[PDB]
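Engineer: below you'll find the sequence and an experimental structure to go with it.
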Amino acid sequence: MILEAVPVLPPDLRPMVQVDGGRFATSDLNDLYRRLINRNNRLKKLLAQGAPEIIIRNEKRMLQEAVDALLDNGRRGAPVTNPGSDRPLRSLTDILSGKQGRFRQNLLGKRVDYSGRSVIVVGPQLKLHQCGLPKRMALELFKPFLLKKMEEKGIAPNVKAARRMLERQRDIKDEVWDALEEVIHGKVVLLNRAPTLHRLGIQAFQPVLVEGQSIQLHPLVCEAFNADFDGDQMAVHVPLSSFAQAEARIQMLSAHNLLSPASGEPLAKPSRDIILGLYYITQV
Amino acid sequence: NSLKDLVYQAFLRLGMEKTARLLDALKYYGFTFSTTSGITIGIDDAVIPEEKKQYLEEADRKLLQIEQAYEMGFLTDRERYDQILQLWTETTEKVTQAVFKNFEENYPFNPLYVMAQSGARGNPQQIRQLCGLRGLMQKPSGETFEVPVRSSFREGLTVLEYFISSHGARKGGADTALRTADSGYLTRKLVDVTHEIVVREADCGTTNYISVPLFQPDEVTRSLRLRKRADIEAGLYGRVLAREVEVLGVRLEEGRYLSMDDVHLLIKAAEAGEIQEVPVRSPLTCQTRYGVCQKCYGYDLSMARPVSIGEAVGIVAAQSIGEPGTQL
Amino acid sequence: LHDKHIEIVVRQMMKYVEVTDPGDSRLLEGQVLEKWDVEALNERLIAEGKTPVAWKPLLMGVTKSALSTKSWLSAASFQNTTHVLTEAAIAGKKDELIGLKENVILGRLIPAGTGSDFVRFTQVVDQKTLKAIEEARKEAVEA
Amino acid sequence: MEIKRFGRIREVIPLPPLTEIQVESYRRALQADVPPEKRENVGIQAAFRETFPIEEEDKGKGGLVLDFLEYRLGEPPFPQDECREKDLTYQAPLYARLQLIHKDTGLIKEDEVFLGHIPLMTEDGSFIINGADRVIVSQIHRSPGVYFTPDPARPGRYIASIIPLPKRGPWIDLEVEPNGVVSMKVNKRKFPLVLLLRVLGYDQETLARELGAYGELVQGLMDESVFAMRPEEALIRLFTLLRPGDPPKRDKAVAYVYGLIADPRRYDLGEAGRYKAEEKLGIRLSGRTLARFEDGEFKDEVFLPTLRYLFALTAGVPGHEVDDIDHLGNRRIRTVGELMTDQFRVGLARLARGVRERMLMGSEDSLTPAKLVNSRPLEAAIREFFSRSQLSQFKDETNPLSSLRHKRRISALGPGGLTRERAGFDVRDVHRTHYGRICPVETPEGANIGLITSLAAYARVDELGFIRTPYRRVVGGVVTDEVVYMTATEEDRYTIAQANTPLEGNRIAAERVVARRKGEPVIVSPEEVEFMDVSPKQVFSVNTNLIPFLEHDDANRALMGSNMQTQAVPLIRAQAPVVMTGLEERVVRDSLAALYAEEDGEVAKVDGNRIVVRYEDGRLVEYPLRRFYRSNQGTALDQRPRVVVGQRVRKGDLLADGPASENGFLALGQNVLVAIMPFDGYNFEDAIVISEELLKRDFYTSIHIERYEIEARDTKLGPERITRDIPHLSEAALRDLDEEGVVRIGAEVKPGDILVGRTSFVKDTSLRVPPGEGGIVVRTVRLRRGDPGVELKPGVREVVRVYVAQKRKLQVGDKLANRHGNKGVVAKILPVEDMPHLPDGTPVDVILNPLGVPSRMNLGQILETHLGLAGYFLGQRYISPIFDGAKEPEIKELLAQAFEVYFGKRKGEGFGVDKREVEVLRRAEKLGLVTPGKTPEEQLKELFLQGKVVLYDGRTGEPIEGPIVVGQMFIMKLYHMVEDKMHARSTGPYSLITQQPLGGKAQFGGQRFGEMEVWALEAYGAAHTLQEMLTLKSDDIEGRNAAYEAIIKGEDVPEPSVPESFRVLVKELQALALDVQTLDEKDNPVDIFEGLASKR
Amino acid sequence: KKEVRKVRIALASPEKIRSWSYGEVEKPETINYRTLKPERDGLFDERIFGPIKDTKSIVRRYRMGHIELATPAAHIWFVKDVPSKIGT
Amino acid sequence: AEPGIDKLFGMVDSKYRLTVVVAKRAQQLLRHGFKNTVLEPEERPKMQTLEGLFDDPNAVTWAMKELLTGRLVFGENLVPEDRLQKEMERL
Ligand SMILES: [Mg+2]
Ligand SMILES: [Zn+2]
């Protein structure tokens, strides 16, 4: 329960990677390991040569404090980087614990690759199982899908030629847009509102290619999301795996979730405008 | 409410696709007829009922005697304030009743009145503010001003009245700005504590249950009355009967999910006065190790059918608890 | 709001008991009720020895109930990794991958939803390949 | 086009200079204009005279006397134009005339020492710091002085606090403990005040005669008579109460440090603490504070009155004399001048300590200029205050209104020790004294609600953070033109009338007059009124006073509407609102955005960039124009000439437009035909429907300029050269890069095009147009090592900045709003043919959903729409005061005249009433809108009086059943930053520490997926979806590479392994002494790794 | 192949550490600025952590080193935790 | 939506089992190509512009409308797993 041989972390978990001009940004674990190795080598050669007892005690204390700092920094003093940079070094406990640590950073995953965001507008011409997606973000979101599908036909010889041809919008062709509508014929995308207060803050939809900048949203989900049309934005994600596509289309598609999980009340109920219209038509 | 009932019934009796198509067509026609029908708001649409005028005078007259009653020393500050508050909050309701009677009698097709009657937008309080009077305005200390706001937005507010209403505006803004994050934090707590609950089960042999009451134990000091229909619905809808019960010549067998019709039948029977409590299975008595069983959990979902085995009802439970907290 | 959710959280709120008459362990300790359910079943019935583990149900708030958990992954990810990991390190803590937060940290298939072993694996085969494999089956039953 | 005004009120005084607060503050802080001999000493000269004259009586080489004589500054090194083109600070060096004296012979006087550089404020009121310009917002906190607050726990008693400044200074607390104790804690340790009272030399007999005669709580101090016969040994005991370990033979060490200068506040005489003292208690406080050092003994003029009046309050009642923490008479505003002065005096004290050390280590004497004063401390303090302080914030030059409101914005928070973000709910609410001083509507929604505010338009800080509201003196029944600016504490003593009360000219016309007795709305007779409000405009801010119909609008909607008015982008052809309030000309004049004729004269020459005007003196002056100047937020500032060659002008007459002015009128938005009726679904909840008419003629169009920048710097590998040559491939596209490295001016640029060609070690690192949008390059600036007066970051040989301008036109993504908070978004741009149109061929411009009106409470826009309808036919504009606008009969009569004109023009062509109109009239008759039994003529006139007219669908041709309200409304396009821009990416740069994808400059970057989205996704049965979105798409490098390769190959993505997140977790537990291995069903370990865990 | 069901966390014996690690690191030389390759037996040494070129680099993510201290040491957690594990 | 989602909920006990089976079906439809279908003769997916839904525009809908027929059978352990799990991935 006290340790004799200290394990040494694999290098790629604590890499010194160059930033610019030969300088290397480093995890402080490398600095602490270097300090510990220097201290241990000093102790080794000291015991090898001679034993001035007071010096031996002093360097024993030095090694023990070095091991302490390696295991975790801050509890006994505040060992720091090279003098002039008063930023405390980062230790194993710092990597593991903390608000941004190994436990607390996989639990959120703040970044995702296939995602976008935009302002949303009413989409009254669309059905409830559909969402209006601007053509440019639709094109870029499914970019590998586009590459493969237009490689299925003779639009480009290889994927590299496809990327070079699509790299500029001056070379767009209607064949490209036909390939786009071919790609997303059955796919779905997940629309997400930033404050996700409940389960319906994520909802799958079928994208429909539209011309414009904003995402067209079916008005009836204006209350499933707590999203008005005062300009607030909403985001889009695209699951890749066919398994995940099945998940989204079956149990997250908005046409299938019409009732609350909090109660039996519907959430796809007719909204203000439709209510007023039908009250006007069925009044005496 | 009629539209919501229609949608729910169609969902029950038709399923998924037909309800979606009904919603699509219903929305489309509602839009078209709202367009062509021409509902518009002008300054004259916020009609001011004239009868309320004499009401004010009577209220005014009453104040004088109350003031005189306070001038003779018969009243203390607290009771005088209570009397004034009672008088103003009573005459405001009287004016609102007069306003709605006027709108019924005279202008059935008024835009403010049509959106008030229908579920489009607005409340009787908002319409009263528009056309009647937003009398009582609260003080920063939390109490309410003695001098009310006689004017409405149809008329013009005096400078002082707008300055006074700024207090409540600021109060509401700050309250929202804090309660948002507070409710988010509450949801975090709930999801952390209940993230283990998942329905994985064979029907646990639970010979235990909970007796959901059908009469309020205390609505008065000592009296029993059937709980409000919403309360009984939220307590019984989608549950599982613990044991067989027959109340009105209908044999509700043990192990039968209580659908909406069953809940209505039970409420009617309680109105007749046959039963007062329903024994139902519940999560509180489930013997499942980590989670609840399908029978002990129940029947309410995004759909109506009994819950599928294998969904994290704990997370959705926490979310359903926490979501309304933001607007609370 | 329906009462299923409130009932679920209240059940998770009072899943802890503290024993008073000691059995095969100390007395003034409180944790998951189902553990004494199993242990009393073993002590009185499954195994010999009529030692009653007399417990009392402890009601603690949401926070305390969240903190005291049998699994140490969620506890480490929740409040403080140092103390929790030390406690879980003194005794070999075989953390069962029950619960959802832990499997999130593991990144493996979440127990809930599709990842439930009840539905996690489900062989599917079309009808014609079914006839082919069934012919192979009946010819595998020789003579 | 005429203008008609409705309000019946005489503004006895106009609006004071809307930006006078900062100008007057800084001009009083810097006394450069006046000769240094002048008596004016407060501000920077006060700091000099206060701290800098160090004296050393006897320490080694004694007689050290470093004295102050004068100060001067008169020449910025560069004009502010270059100071913005090259990222300098518009400053002036400061010189001080100092002189050194010893006890022996010697007067070494150095007239000129440069001690730091201090920034200079521009004409408008801003400061240029490093290229960009900032503003220092005023701050509000406790006014220094004496306050009495109830005990937080004990209800019978209370406490008194004397609060000077700085915080590193005195803070006196007096409290009464009933056992006969007068407790007084100085800083951290409580102390029986009776000892200090004895120190000041008060004996018992006169104490009882003059203080204890009336109050019986004198026994709370007369009880302690044991140690009240000690004149000077009390000083020794009190110093012994302090624990510095020093010998007691220091008579004036800490006992006197609360003397004249060092610790106690130098609050401005009369008001800053004395008004808080002399009126609050006693009669007058001679000198600056309590002190005496002419005889060694001590005297005071504070403690005796404070204890007397506290005892009077706790025993009897001189009055309701408890000071509110938030009462505005007890709160004080530190302007930019005060903040600058305090930071300057901090730096000056640092310099004083430095020079003391230098003298202490100094050997000889002839070392006055150099070996004594170093500019580093004071310069560093000034620079940090003007660069990284909390109150010095980036100026919002979106439009003149934005900059003006920002310049007159008051903050409750600040450096941090005063008030912070976490909990401020007790103070966020307004008070009864905010009337006429602070706008209760200006607070920005969000976290900083109530903390950030703005003062009233008529509000004026007099000299010490004490806002004064104007008031007309009322004598008897006549309202006098005499105007007095009144403070809150002064205000609380009279009865204040209201501006809307009926007036017979010089006589009150009412019997019962509304008033505020003390912040309480009451009704009195005219004989009991003393003061009158000058104008309703004084109760709201400048930004609020621009809303026309405020009396018919909600407070919250007014708040947000005033906030959106601030962020309205200026348009190419903006026009003043049809309905105005009357402050637009004042706003454009007071904000230095337009050009005005300083004197009567005649214009000589008018060009697109300069105007040469010969005044009546015969002197000709040339005015240049910032033709297209990029703002802080990226908008454009243009001055458009408004005069013709050889045109006579008057004094103060307009010369050129501002960025957002039509003709001396604040014009940010457009006037459009709006019809309030729900279209199909395109105005569903708050969305907006617009015609292509607003686009066919460029009508909502704006200029947006983006400023890209790139550096060439010296690396260890070698310098980077910005050259036309491209290393590897791009030569065909190099034709745009005409000159060496820089792109040619006036060349259109698309995303992904080379903009600056920079070469590294040869490796191509060239700045390119970011993905998204690109416009027209307009300007390029290159700053190299050959510095004329410029500086660069060390190691950087050169820099080039490129400005790209583009013409944004209104489209679907954009948002619009009115002055009444009716936010919206363009949802569909309909062609002209299928939009609703009048019986005349004119089609409406914009369609508004009525359902947004009753949900909120904004009837102001309805009145505005009716008045705009009247103006559209009558061809005239209107001005209405916020609370003295046009009554309903007046606008009804105007609408009657407008209908007369409109239908007379209809009849002149020889037409009656359309059949569609006939049936719509019959339908409206069945709806009770129009009285029955009348011909279509007067029926339709009555319908017009309602503000409703018949419209035709345009798609069907059939009329819209029931009438619709239509009119002219003023709608502005709101500031449109990157908020709408599509942060939509697929594959871009990844992070270094972890493999989470994050871009920024190169790529947009991913989207937040947080934990709440994890919870929602996992509330569904989504399992593999969460797994891919947390590992495959976010973290696992080889997983995402394999997924990309497979999707290129058109195959299903592979399953993740036991994910590298958990393998990292296992190896991290492995790093410590821990033991983590995965187990099978039985107690046999399962190796996560293939064979990599096994050695060899 | 078998599904992970339990994760056991426990303490380490010195023999366990020796079996776990593949060699010992004893120079304080991660990588020189001149020689971008691992310099000597230090914190990034090639032959002790696996090759840096293309097994993959994941051995340099999985394979770990060790230091054989001549003097024993105690883990900071077991001496500084609020209940001192040695102290209790 | 999708053809007969209520019918799909009909023959399966839990929706999650439905998701698993349909997506796994899509997985063989990819791996062997869409030749291994059980709806070849007349009733195929019909694309709008052409008969493009004959081959593979979307596998999920293919699998679902495959499931509506009686030619699909699924079970927890219906076939000896090892043989087909090693013969599936190797062709
Ligand atoms: Mg919004
Ligand atoms: Zn159960």
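Structural biologist: Cool, the structure landed. Residues are numbered from 1 along each chain as shown, chains lettered A, B, ... in the order given. Ligands and ions are numbered 1, 2, ... in the order given.
Engineer: secondary structure element for the residue nearest in space to the middle of chain B?
Structural biologist: Chain B has residue B:230 as the residue nearest its centroid, 9.4 Å off, counting by CA atoms, centre = their mean. Using DSSP states H and E, residue B:230 falls within helix B:229-236.
Engineer: that helix close to chain C?
Structural biologist: Yes: applying CB under 8 Å from any CB of the partner chain, one finds helix B:229-236 touching chain C at B:234-235. Every residue, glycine included, has its C-beta placed from N, CA and C.
Engineer: show me what that helix is packed up against.
Structural biologist: Applying 3 or more CB pairs under 8 Å, 6 or more residues apart in numbering or on different chains; DSSP states H and E, we find helix B:229-236 packed against helix B:260-272.
Engineer: relative orientation of the helix it packs on and helix B:229-236 in degrees?
Structural biologist: 120 degrees (axes from the mean of the first three to the mean of the last three CA atoms, to 10 degrees).
Engineer: hey, where'd the strands end up in the stretch 151-284 of chain A?
Structural biologist: Assigned by DSSP state E, counting those that start in this stretch, the stretch 151-284 of chain A shows strands spanning A:189-192, A:202-210, A:215-217, A:233-237.
Engineer: assign a three-state SS to the most centrally placed residue in chain C, would you?
Structural biologist: Geometric centre of chain C, nearest residue: residue C:98, 4.7 Å, by CA atoms, centre = their mean. Here residue C:98 is coil, with the state taken from DSSP: H, G, I helix; E, B strand; the rest coil.
Engineer: could you give the number of residues near the spatially closest residue to residue A:112 that is not a sequence neighbour?
Structural biologist: Leaving aside its chain neighbours, residue A:112 sits nearest to residue D:1006 (4.6 Å; criterion: CB to CB, 6 or more residues apart in numbering or on different chains). Counted with other CB atoms under 10 Å in any protein chain shown, the neighbours of residue D:1006 add up to 27.
Engineer: and residue D:1045, what helix or strand is that in?
Structural biologist: helix D:1037-1049.
Engineer: got the angle between the helix or strand just after that helix and helix D:1037-1049?
Structural biologist: Where DSSP H and E defines the elements, the next helix or strand beyond helix D:1037-1049 is helix D:1060-1071. If you take the same axes, to 10 degrees, helix D:1060-1071 sits at 160 degrees to helix D:1037-1049.
Engineer: other SSEs contacting helix D:1060-1071?
Structural biologist: In terms of contacts (3+ CB pairs under 8 Å, 6+ apart), helix D:1060-1071 is packed against strand A:2-8, helix A:92-96, helix A:102-106, helix C:100-106, helix D:1037-1049, strand D:1074-1079, helix E:59-62.
Engineer: reformat the strands of the stretch 151-284 of chain A as TSV; add distance to residue D:183 and mean neighbour count.
Structural biologist: Shown next, in TSV, are the strands of the stretch 151-284 of chain A (distance: least, CB to CB, whole Å; neighbours: other CB atoms under 10 Å in any protein chain shown):
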stretch	distance to residue D:183	mean neighbour count
strand A:189-192	60	24
strand A:202-210	61	23
strand A:215-217	66	25
strand A:233-237	58	22
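Engineer: for residue B:105, which of the ones you listed is the nearest?
Structural biologist: Residue B:105 sits nearest to strand A:215-217 of all the strands of the stretch 151-284 of chain A, at 41.4 Å, using CB to CB.
Engineer: list the helices and strands that closest one packs on?
Structural biologist: Counting contacts by 3+ CB pairs under 8 Å, 6+ apart, strand A:215-217 is packed against strand A:115-122, strand A:130-134, strand A:233-237.
Engineer: can you show me the helices along the chain?
Structural biologist: Going with chain A. Assigned by DSSP state H, chain A shows helices spanning A:28-49, A:53-71, A:92-96, A:102-106, A:135-141, A:143-152, A:159-166, A:174-183, A:242-247, A:272-281.
Engineer: correction: the question concerned chain F.
Structural biologist: According to DSSP H, the helices that chain F contains are F:5-10, F:15-31, F:59-68, F:81-88.
Engineer: find the helix or strand that residue C:95 is a member of.
Structural biologist: Assigned by DSSP H and E, residue C:95 falls within strand C:93-96.
Engineer: report the closest residue of chain F relative to ligand 1.
Structural biologist: Relative to ligand 1, the nearest point of chain F is residue F:1 (29.0 Å; CB to the ion).
Engineer: confirm for me that that residue is in contact with residue A:256.
Structural biologist: Yes: look at residue F:1 against residue A:256 with CB atoms under 8 Å: they come within range, at 7.2 Å.
Engineer: how far away is the nearest residue to the residue nearest to the centre of chain C once chain neighbours are set aside from residue D:1078?
Structural biologist: Counting by CB to CB, 6+ apart, the nearest residue to residue C:98 once its immediate chain neighbours are dropped is residue B:290, at 5.3 Å. To residue D:1078, residue B:290 is 20 Å away according to CB to CB, to the nearest Å.
Engineer: thank you kindly, that will do.
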